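The data below hold one chain only, encoded as structure tokens and taken in the form deposited in one PDB entry.
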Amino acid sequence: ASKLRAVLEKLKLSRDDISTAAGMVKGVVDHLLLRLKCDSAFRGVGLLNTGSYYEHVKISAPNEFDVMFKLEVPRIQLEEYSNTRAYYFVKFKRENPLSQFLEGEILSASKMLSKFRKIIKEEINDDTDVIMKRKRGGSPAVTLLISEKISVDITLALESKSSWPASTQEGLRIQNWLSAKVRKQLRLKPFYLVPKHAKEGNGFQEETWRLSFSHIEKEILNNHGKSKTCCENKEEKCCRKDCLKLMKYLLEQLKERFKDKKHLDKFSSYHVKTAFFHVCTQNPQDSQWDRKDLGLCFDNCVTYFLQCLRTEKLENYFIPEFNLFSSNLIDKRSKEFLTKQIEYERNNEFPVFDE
């Protein structure tokens, strides 16, 4: 109620910073797209705006933007890596502009990402000050910082207008919330592959790509009610986005405060985003997200997240057999540690949110 509302007030974005940040991002992104379009291998590149800024659930400051530099790849053939469900080798069906990145029959993610990064790096010294952050192992992101303030994650994304892979067949369980009609329309849209490599023991399988549905996530968050007029008038202001923002802030704050021994380094905002989509599936009616019930609605979000930690299971919303909380990705000790901290917070009405 009052405490949660006070937090949300604190997390609001300034209309001014949104405006200035937008222009800075546009300038940088427009430059890089222009350069990339010169290269024969990136001719068809195009922009897709994704993540929390464009979903209107960015908190505190508009200082982190996410964009896909998408590139259509006709006639694409996938081989699932190691029954991982989310990671794939990319092949082609019988002049391919991507010829140069092939290793045997296979398009190398690492080869193609490296050139992508190169060109952008090579272009970053040309009206604003932009610096490129260190490459994170196995990440799809090329991360820039503008004016020592605004981070922009750029991922290359292959775009396939084929039907989604078989691994997604039982995902996107929105039928009871957003409708069967909408699920069908959504699954007619493209899917993306980004050069995030599957973990291989201590390293990465460096030719693998991973599915991305960032475009669908954005569409859902910006058209998120059972009612088509959800959040379009003062009588239908649900608390869905408020609950996602609080879950994000809860995790951010816990990560900050536990930074001395880095217990929570393996947890990310996408974990709480995923958990939140599952709670939307469980609670499909707008009446289950009434502004008057902010407290209860947030609790529903927290207790589902707690269940996910304790069962060490958090299914990718689109790929059910991809477990974001597997031992492969996050060790048991870390999940047990966050479980305890979230329980403490829940049991004491979130002291971490006190001013």
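Note that the rigid core is defined as the largest set of C-alphas that superpose within 1.5 Å between two forms. The first residue of the shown sequence is 1; numbering continues from there.
If you look for the form deposited in another entry, you will not find it shown, but the lines that follow are about it.
- Once you line up the core between this form and the one not shown, the CA of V67 is the only one from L314, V67, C297, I319 that shifts by 2 Å or more.
- Once both forms are fitted on their core, a CA shift of 2 Å or more is seen for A141 between this form and the one not shown.
- After superposing the rigid core, the Cα of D153 is displaced by 2 Å or more between this form and the one not shown.
- Taking 2 Å as the criterion, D16 counts as shifted between this form and the one not shown: its C-alpha moves by at least this amount when the rigid core is aligned.
- Annotation: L78/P140 CA-CA distance longer in the other form than in the displayed model, change of at least 3 Å.
- Relative to the displayed conformation, the Cα-Cα distance from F276 to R136 grows by 3 Å or more in the other form.
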